[PDB]
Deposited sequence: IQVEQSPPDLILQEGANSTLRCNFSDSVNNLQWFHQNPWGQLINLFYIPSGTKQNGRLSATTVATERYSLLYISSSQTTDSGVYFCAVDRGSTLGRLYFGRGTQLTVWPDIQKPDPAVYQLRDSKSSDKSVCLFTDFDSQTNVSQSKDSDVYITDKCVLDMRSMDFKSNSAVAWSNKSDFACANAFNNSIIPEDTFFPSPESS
């Protein structure tokens, strides 16, 4: 039994709805959807061999006669990011998963590069369309952007970090291999 999932990748802006599809080459008695957490744990989202289930902003519908299932996510949150698997059936047969990435809506961007101590450079408060490139130099280290959520303040922000033990290296030149916003604040 074959299990195809669509799409393979999904970038969204938070707020957007999206649908993950799962097709299967045969009749099934069980179908499950999962989410995998960063450290490897599969979280059960739904058991639905047929019909509809709702839980918070997630929904699932399994049209068993037509051998497919939809996983519907309403108003994606950054916290929805990760890999979603579809499995059917005592063993389960897993699909290869959909990787979901949900970025924040940064309406108030405030790009800046800071120096931190106790040598590290922080690029922060840019919008989600900005791409942070790696360094061509193997003794300079640049992480990809990631989004944090200061929950209690309804505030989200993107950041990447650069560091190095090259003397040449400094915060002003640190993200040069990247397309920085023009108005970026250098303290």
property: Deposited-sequence segments unaccounted for in the coordinates; result: 90-94, 124-129, 199-203
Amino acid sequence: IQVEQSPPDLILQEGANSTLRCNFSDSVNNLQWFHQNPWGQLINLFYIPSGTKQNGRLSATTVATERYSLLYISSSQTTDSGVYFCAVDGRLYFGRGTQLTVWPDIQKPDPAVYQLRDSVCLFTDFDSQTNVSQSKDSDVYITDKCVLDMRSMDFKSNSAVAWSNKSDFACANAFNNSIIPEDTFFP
From here on, numbers count along this sequence of modelled residues.
property: Of 136-144 and 33-41, the one with larger mean CA B-factor; result: 136-144
property: 90-98 versus 107-115 - which carries the larger mean C-alpha B factor in the record; result: 107-115
property: Selection by C-alpha B-factor (highest) of 158, 59, 129, 69; result: 129
property: For residue 52, the third of its chain into which the C-alpha B factor falls; result: lowest
property: For residue 174, the third of its chain into which the C-alpha B factor falls; result: highest
property: Among modelled residues of the same chain, the CA temperature factor third for residue 12; result: highest
